[PDB]
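# Breakdown of the fold
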Amino acid sequence: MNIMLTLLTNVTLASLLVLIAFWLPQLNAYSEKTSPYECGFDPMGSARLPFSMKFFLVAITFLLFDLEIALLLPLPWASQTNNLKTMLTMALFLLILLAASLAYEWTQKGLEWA
Amino acid sequence: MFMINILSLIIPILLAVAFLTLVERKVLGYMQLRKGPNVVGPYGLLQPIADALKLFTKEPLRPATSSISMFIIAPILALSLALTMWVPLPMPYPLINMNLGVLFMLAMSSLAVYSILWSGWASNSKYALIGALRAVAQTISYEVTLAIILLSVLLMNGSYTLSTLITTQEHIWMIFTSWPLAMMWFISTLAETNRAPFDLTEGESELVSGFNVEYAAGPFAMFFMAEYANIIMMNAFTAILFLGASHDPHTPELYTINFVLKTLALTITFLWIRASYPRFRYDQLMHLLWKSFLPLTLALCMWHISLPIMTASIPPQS
Amino acid sequence: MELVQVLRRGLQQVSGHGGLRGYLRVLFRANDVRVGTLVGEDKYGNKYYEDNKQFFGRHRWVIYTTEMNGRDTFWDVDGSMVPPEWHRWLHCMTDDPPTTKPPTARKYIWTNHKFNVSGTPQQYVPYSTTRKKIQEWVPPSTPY
Amino acid sequence: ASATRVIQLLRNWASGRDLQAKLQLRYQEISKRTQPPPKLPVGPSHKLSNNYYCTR
Amino acid sequence: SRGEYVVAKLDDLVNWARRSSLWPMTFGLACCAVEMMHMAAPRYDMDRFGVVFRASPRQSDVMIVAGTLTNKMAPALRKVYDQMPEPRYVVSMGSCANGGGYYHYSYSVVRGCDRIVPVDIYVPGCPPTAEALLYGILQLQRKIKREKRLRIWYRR
Amino acid sequence: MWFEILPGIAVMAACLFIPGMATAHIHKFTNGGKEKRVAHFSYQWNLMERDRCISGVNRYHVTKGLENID
Amino acid sequence: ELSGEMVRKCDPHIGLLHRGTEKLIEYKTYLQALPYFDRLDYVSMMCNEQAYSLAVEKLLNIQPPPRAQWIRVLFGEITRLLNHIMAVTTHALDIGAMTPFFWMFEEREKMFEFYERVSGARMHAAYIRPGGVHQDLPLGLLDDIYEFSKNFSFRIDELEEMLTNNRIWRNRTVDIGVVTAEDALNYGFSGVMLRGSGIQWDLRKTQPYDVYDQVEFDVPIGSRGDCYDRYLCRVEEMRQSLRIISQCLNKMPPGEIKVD
Amino acid sequence: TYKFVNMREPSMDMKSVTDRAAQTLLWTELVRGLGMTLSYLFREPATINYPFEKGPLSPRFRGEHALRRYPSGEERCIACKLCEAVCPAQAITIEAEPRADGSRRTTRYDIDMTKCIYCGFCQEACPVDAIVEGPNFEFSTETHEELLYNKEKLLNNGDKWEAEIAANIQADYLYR
Ligand code: SF4
Ligand code: SF4
Ligand code: SF4
């Protein structure tokens, strides 16, 4: 419950800072001031228009790489087993497969953008 | 008494961030043949207070196109997580002692990213959207390498418990055992905090102000405080992990001092790098982290898995 | 080692400004605590110092008076408070202080230099200095 | 410069050169700010004879 | 009274913070912007006074109009000024931004930024020296020091 | 010169030294002048719970030695 | 027009600083139009004066005195150091390298008072006028210029230490903005934009003016046309300017500074 | 007569290749730049303590304008109006009348510092050294109207800075 207390205190402190920020200063708002910033000129299109990702494949593969990182996390405890041969072979197998996937993506020009 | 401990871990950290702003300014100045803040207070010691008072007395503006809820939630998440990632740090005794504090730090950093994302998205500006997408690309590039390097260097620790790091380094710094991993981890921490040669989320010279371009007064101060608190916390993590310090159980102050000095040295090196190199292009950042680190991180992960088994030096589980 | 010499220089800087109180006074007014030879003092109270050991640009400096022309200038020190005769020496237009080479005395030269009085009631307000060009016709006062 | 020998050695090693030789800050090698009065020369047309403007 | 003393002390605290942490926006139009860069140069070091050149107008406190304000540029300057959160100040640098300078009688030059934005400090010169601009900014700090914003509120 | 940066570094050093010392002193204060006992595993927590009952005052820090037996 | 962050189309909109200089010149005498050129390139002022002065002198069918020409070249190359410092440091500043900006702008400050000590203005000196210059060099100016140029070489080498071999700087500049030699000529490029693509052309060598035919210097030539090669050309041009400045500081002739 | 930047092939000796690989992996040039800026850290900063320390200036400095007077105390300005005619910004406005003594004295001498380009052409054209750009450069005002100088403003300025203006003229007039 101590971690919950710490989280609550941090969140409350941050929200109190927000409250003081939004209620201490003298506020004078008008349409021009709150307009979006586009380096002094009016924006052409909406900022909510599609924004193409030139590294989409990199992200989709980062998904599986994060999966492999999740698979590799139990390794510090896995070294405490009596079957060190099998454990080591399986860990090196997972790492080799990760390297092979990275190599396949690299050679087939997947890490490149556009 | 636990609430007193929470306050004694949050308020001093905020003061340290405030004075780290001044320290960075003065270090950059003296490395640029200049003098940092030197008028406001003796040797500029009152500059952070003036900055904070100005920002919190400055009118905050709510953009007309912005989604208010996310626009306000993002700064809170950033600061709250920046203050929370100090909870498990062993200095020498951690406030909250977790068996898996390291994974807690990883998860807390992963969540903090959404602050930049939502701040950018909700800001509803082209520059803010570009900054948010750059933050996404940045976290795509470093997260895997960060986790792999951390796992490899913790393979000699025996567990993800942060306190055990002090014991593992009781005779020797772990940097003498994994200095390539130390270099890659340092660069990954630079990239993570949106810091030197990796200041792409903000991009002062390319994106005006990045994701926080539409933020002013208080919320901007909160994002700055969160950024610098993350800087200090990540440098503290680098200190405990590689630059271990002696801990006399009867005089914890010895460790605390050694730890603080090492963290200060690492932060000073962060500023040193900030005032010495040009900025990367985030395409080049992703290419570096995916094609020079990641293969090497995988190779060193294999090496640090095989080494304790081949040398009969597996660290204890407990 | 020479660190002892550096600390000795620091303590000498403390002593030179007339004790710790003077050291703090010069610290919080000019943000500089180094001592220099006193070239001279103008009638307004400003004191001009010199130290040729410093690099060009800091070998001459002025400590402004705390009161000038009925204005409290303890903190509101202004760059226009330097009288014209010391303006040459301070800005390195000459190597001769006005104490050594006095300015030529003219009766029309102000006997009391005034700082920038913008924002004060003594500020300059522009106006036309010529007289009215066309004179209107004054109607007679007698009826018809 | 008013830099100690240790600081000067550290600066020279970090830079890799002898900085105390070609200091950027100016101390005494500058020209004096009160120079003697000059006497500029006249041009090639400052003569009292054979100087009609139609020839130049 | 005790009320005035607290308000006066609070007003001094507010004024001191604003005047000692002035954040001009990186906004330079012409020749005067080059001399503005020399105020941030090591010799004069505007950062030494707390004056830090932020980029976004929303994170700035002063707009230093340094250069000619052409007609094509005037709407851009106004919108960038309007996006500055209050309290905001404008410092006119150079005779071009003061009253048109060399290009006063030009078909495409605004005769001073005063016709577009309210100006607090006018810095004369073509270009004003880096000290002249620094003098104007330090004069702006004094002007902020004489701001009785809360003190008037207590007497409204 | 460069030593003018030192005051700020020292202030930050004090601000970062406060957390650690405060935590250690609070742990010693709330655990009877001893390091706060860690309970990484259930065996350690069971030891802590038994110690609490043995103390009789519902506090684990107070330890009863050979004087308690017989 | 950006597809993500790839630049599909780049449309420069200019005229935000169009002050009508060319129209205003028509209403003012030739002397009154000289200060207008100081404001055209406000990073390289005295070079603009020289170009206008040469044009007027060519129409006037007059010749500036020998000493004035050397002063036009001595301050012509000091002006080149002013511009290349601004050109390189601000280029690096926009990339992200902020530190070299402050290092060189202190030297840029030292050269500014060279302008001020000879004319009375730090930037717009209006010193080079049709027929020579305005005033002769004040006593002790040549010595101070020598002292500055003596140590300025180290400043360039310090600049190169931070950028020339930095892999981050090379990644940001190598193979960026490559211009072919044929395209550069057709598009009207000149100066470093030509010599960065290998084109051997310098107007001080092929068509010398003033006493540029009496000074010796090397023209740096690029090989790939990218930003990095043009960065090396400008850095080397600063070094070659010091080579020219030393010759001007030793070949300064006696005489008047205005056509008699 | 020309030089090749770049255009330098690398040696492929195994020692040279190993040195290049060490540079790539251990970041030797990055540490080199780090050492460069660290050396710059321990230098003495070039900052001057303004306004207590002022930057170097010269007698030829062109600053705030001022109307000088003859040692007798009388104005030197004899309303020849060529300072107004030479002014490239048309900042000077001059009106003159025969004074009560019958001399050429201006009734209006107005210069808007908000239009002047600080060229000096005025002080160079004046045949009696009346209008002179003085040494003052810190005269910033809070309002636009204060920069539209009258004849009274200029005369007052001249009387205030005369000592310095004279000294500068004496120091520089031989070059003019
Ligand atoms: S005032 Fe003069 S220097 Fe400044 S922008 Fe205008 S023309 Fe250029
Ligand atoms: S100031 Fe000089 S040039 Fe101008 S009108 Fe008077 S006498 Fe003539
Ligand atoms: S300095 Fe130049 S612009 Fe100003 S009044 Fe004199 S001649 Fe006119």
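Residues numbered from 1 in each chain as written, not as in the entry; some residues may be left out. Chains lettered and ligands numbered in written order. Part of a larger assembly, values for the part shown. Heavy atoms only, no water.

cryo-EM is the method the PDB entry states for this structure, with the resolution given as 2.88 Å.

### As for the overall build of chain G
Where we set the bar: Secondary structure is summarised from DSSP: a helix means a run of H or I of at least four residues, a strand means a run of E of at least two, and numbering begins at the N terminus for each. For the radius of gyration, the atom set is restricted to C-alpha positions; the globular benchmark scales as 2.2 Å times the number of residues to the power 0.38. Note on exposure labels: buried denotes an accessible area under 20% of the residue type's maximum, exposed denotes more than 50%, and partly exposed covers the range between, all computed with a 1.4 Å probe on protein chains only. Contact definition: two residues touch when any of their heavy atoms are within 4.5 Å. Here the open area of atoms and residues is found with the Shrake-Rupley method and a 1.4 Å probe, where only the protein chains shown may cover a residue. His is not counted, nor are the chain ends; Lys and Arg add positive charge and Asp and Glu add negative charge. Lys charges are placed at NZ, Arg charges at CZ, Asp charges at CG and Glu charges at CD.
When helices and strands are counted, chain G shows 11 helices and 5 strands. Scaling as 2.2 N^0.38, a compact globule of 260 residues should have a C-alpha radius of gyration of about 18 Å, and chain G matches this with 19 Å. Viewed in the frame of its principal axes, chain G has a C-alpha envelope of about 65 × 45 × 30 Å. Put simply, chain G has 260 residues, and 62% of those count as buried. When contacts within chain G are restricted to residue pairs at least 6 apart in sequence, long-range pairs at least 24 apart make up 72% of them. Of the roughly 10000 Å² that chain G leaves accessible, carbon and sulfur atoms contribute 53%. Both charge centroids of chain G, one from 30 positive and one from 38 negative side chains, sit 2 Å from each other.

### Some words on the interface of chain H and chain E
Let me state the cut-off plainly: As used here, buried area is the combined drop in accessible area, with a 1.4 Å probe, of two parts when they are placed together. Whenever a carboxyl oxygen of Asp or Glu lies within 4 Å of a side-chain nitrogen of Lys or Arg, that contact is scored as a salt bridge. Polar contact criterion, stated in full: a pair of N or O atoms within 3.5 Å, where within protein one must be able to donate a hydrogen and the other to accept it, and residues adjacent in sequence count only if both atoms are side-chain atoms. Any residue that is not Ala, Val, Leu, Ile, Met, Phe, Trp, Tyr, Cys, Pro, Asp, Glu, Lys or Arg is counted as polar, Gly included; the first ten are nonpolar and the last four charged.
With 28 residues of chain H at the interface, the matching set in chain E holds 32 residues. When chain H packs against chain E, close to 2500 Å² is buried across both sides, 56% of that on carbon and sulfur atoms. In terms of surface lost to chain E, no three residues of chain H exceed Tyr50, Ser140 and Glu142 of chain H, which account for 29% of the buried area on that side. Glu142 of chain H is the salt-bridge partner of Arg146 of chain E, the closest N and O atoms lying 3.3 Å from each other. Applying the counting rule to chain H against chain E returns 12 residue pairs in polar contact. A breakdown of the residues in the side of chain H that touches chain E according to their chemical character gives 15 nonpolar, 9 polar and 4 charged.

### Quick notes on the interface of chain A and chain B
At the junction of the two partners, chain A supplies 67 residues and chain B supplies 73 residues. Together chain A and chain B conceal approximately 6300 Å² of surface at their shared face, both sides included; 79% is due to carbon and sulfur atoms. Three residues stand out in chain A for area buried against chain B, namely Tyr37, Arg48 and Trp113 of chain A, and they jointly supply 11% of the buried area on that side. In this assembly, chain A and chain B are joined by 2 salt bridges. The residue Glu112 of chain A makes a salt bridge to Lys291 of chain B at a minimum N-O spacing of 3.4 Å. Linking chain A with chain B are 11 residue pairs in polar contact, by the criterion used here. For the side of chain A that touches chain B, the secondary structure elements donating two or more residues are α1 (2–23), α2 (56–72), α3 (75–78) and α4 (84–107) of chain A. Ranked by the residues each element gives to the side of chain A that touches chain B, the list is headed by α1 of chain A, at 15 residues. Considering only residue class, the side of chain A that touches chain B consists of 47 nonpolar, 14 polar and 6 charged.

### Digging into the sheet that holds strand β3 (residues 92–98) of chain H
Residues and elements named next belong to chain H. Cut-off, in case you're wondering: Paired strands, in this sense, are two strands between which DSSP finds at least two bridges. Each axis is a line fitted through C-alpha atoms, taken for helices only over the stretch in contact, and angles between the N-to-C directions span 0 to 180 degrees.
Reading across from one edge, β3-β4-β6 is the order of the 3 strands in this open sheet, with antiparallel pairing throughout. Only two strands of the sheet have a single partner each, and these edge strands are β3 and β6 (148–149). The pairing of β3 with strand β4 (residues 104–112) spans 7 bridges and is classified as antiparallel. Residue pairing for β4: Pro98 is matched across the bridge by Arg104. Here helix α5 (residues 151–172) sits on the sheet in contact with β4 and β6, set at roughly 95° to β4.

### Focus on the pattern of salt bridges
With the rule as written, the count across this model stands at 77 salt bridges over all chains. For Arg88 of chain E, the salt bridge goes to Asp82 of chain E, with nearest N and O atoms at 3.6 Å. Looking at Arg88 of chain E, the relative accessible area reads 13%, which means it is buried. Linking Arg243 of chain G and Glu216 of chain G is a salt bridge whose minimum nitrogen-to-oxygen distance equals 3.0 Å. With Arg243 of chain G in helix α11 (residues 227–250) and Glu216 of chain G in the loop between α10 (203–206) and β5 (219–221), the pair connects residues that are 27 residues apart, well separated along the chain. The exposure class assigned to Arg243 of chain G is partly exposed, which follows from its relative accessible area of 28%. Look at the salt bridges and you will find they share partners, linking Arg26 of chain D, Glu35 and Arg43 of chain E together with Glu106, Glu109, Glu113 and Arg122 of chain G into a network.

### Observations regarding the pairing of strand β1 (residues 62–66) of chain E
Residue and element names in this part refer to chain E. Counting buried positions along β1 yields 5 of 5 residues, so the element is predominantly enclosed. Burial along β1 is two-sided: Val62, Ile64 and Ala66 and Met63 and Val65, pointing in opposite directions, are all buried. Here β1 pairs with strand β2 (residues 89–93) via 5 bridges, running parallel. Counterpart to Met63 in the pairing with β2 is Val90.

### Some details on the environment of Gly67 of chain E
All names here are of chain E. You can see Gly67 is positioned in the loop between β1 and α3 (74–82). For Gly67, a relative accessible area of 1% translates into the label buried. Linking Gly67 and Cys32, residues 35 residues apart in sequence, is a C-alpha distance of 5.3 Å. In contact with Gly67, not counting residues within four places along its chain, are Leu29, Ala30, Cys32, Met93, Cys96 and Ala97.

### Points about the site of ligand 3
Selection criterion: Throughout, near means a residue has at least one heavy atom within 4 Å of the molecule or strand.
By nearness alone, 13 residues border ligand 3, and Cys87, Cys116, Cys119, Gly120 and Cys122 of chain H come closest of all. Residues belonging to the shell around ligand 3 are distributed by class as follows: 10 nonpolar, 2 polar and 1 charged.

### Comments concerning the sheet that holds strand β3 (residues 121–123) of chain E
Residue and element names in this part refer to chain E. Pairing within the open sheet is parallel, and its 3 strands lie in the order β1-β2-β3. Strand pairing shows two members of the sheet lacking a second neighbour, β1 and β3, which therefore form its edges. Mean inter-strand twist for the sheet, computed between neighbouring axes without regard to direction, equals 20°. Looking at chain direction, β2 and β3 are connected through 3 bridges and run parallel. Bridging across to β3, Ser92 finds its partner in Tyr122.

### Description of the state of the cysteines
Throughout this description, disulfide means a covalent bond between two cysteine sulfur atoms. Spelled out, the test is: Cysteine sulfurs are considered disulfide-paired once they come within 2.5 Å of each other.
Evaluation of the coordinates by the stated rule reveals 0 disulfides over all chains. There is no disulfide at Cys227 of chain G, and the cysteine sulfur nearest it, in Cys233 of chain G, is 12 Å away.

### Focus: the packing of aromatic side chains
Stated precisely, the cut-off is as follows: Each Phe, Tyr or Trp ring (for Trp, its six-membered ring) is paired with any other whose centre lies within 6.5 Å, and the angle between the two planes then decides the class: stacked below 30 degrees, edge-to-face above 60, tilted in between.
Across all of its chains, the model carries 46 aromatic pairs over all chains by this definition. Consider the rings of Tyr215 of chain B and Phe223 of chain B, whose centres lie 4.8 Å apart with planes at 75°: the pair is edge-to-face. Relative accessible area serves as the criterion here: at 0%, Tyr215 of chain B is assigned to the buried category. Ring centres of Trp2 of chain F and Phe42 of chain H lie 5.1 Å apart, and the angle between their planes is 65°; this geometry places the pair in the edge-to-face category. Of this pair, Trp2 of chain F sits in the segment before α1 (6–29) while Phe42 of chain H is found in the loop between α2 (28–41) and β2 (65–67), placing the two residues in two different chains. On the basis of relative accessibility, which here comes to 25%, the residue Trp2 of chain F falls in the partly exposed class.

### Quick look at the nonpolar core
One broad rule of soluble globular proteins: the nonpolar side chains tend to lie buried together. Note the cut-off: Definition of nonpolar core: a set of buried residues of the types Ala, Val, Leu, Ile, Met, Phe, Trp, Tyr and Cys, connected through side-chain atoms within 4.5 Å.
In this structure, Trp86, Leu241 and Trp290 of chain B together with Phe75 of chain G are the most contacted members of the largest nonpolar core, which totals 235 residues. With 18 residues, helix α8 (residues 217–242) of chain B is the largest single contributor of residues to this core. Here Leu241 of chain B is in contact with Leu150, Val153, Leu154, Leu165, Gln169, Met174 and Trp185 of chain B, once residues within four sequence places are set aside. Core analysis: the next-biggest nonpolar cluster, separate from the first, contains 61 residues, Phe27 and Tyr81 of chain E together with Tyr109 and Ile117 of chain H among them.

### Focus: the arrangement of the chains
The structure contains 20 pairs of chains in contact, of which chains A and B account for the largest number of contacts. You won't find any contact between chain A and chain C; their C-alpha atoms come no closer than 25 Å. There is a gap between chain C and chain G: no contact, and a shortest C-alpha distance of 10 Å.

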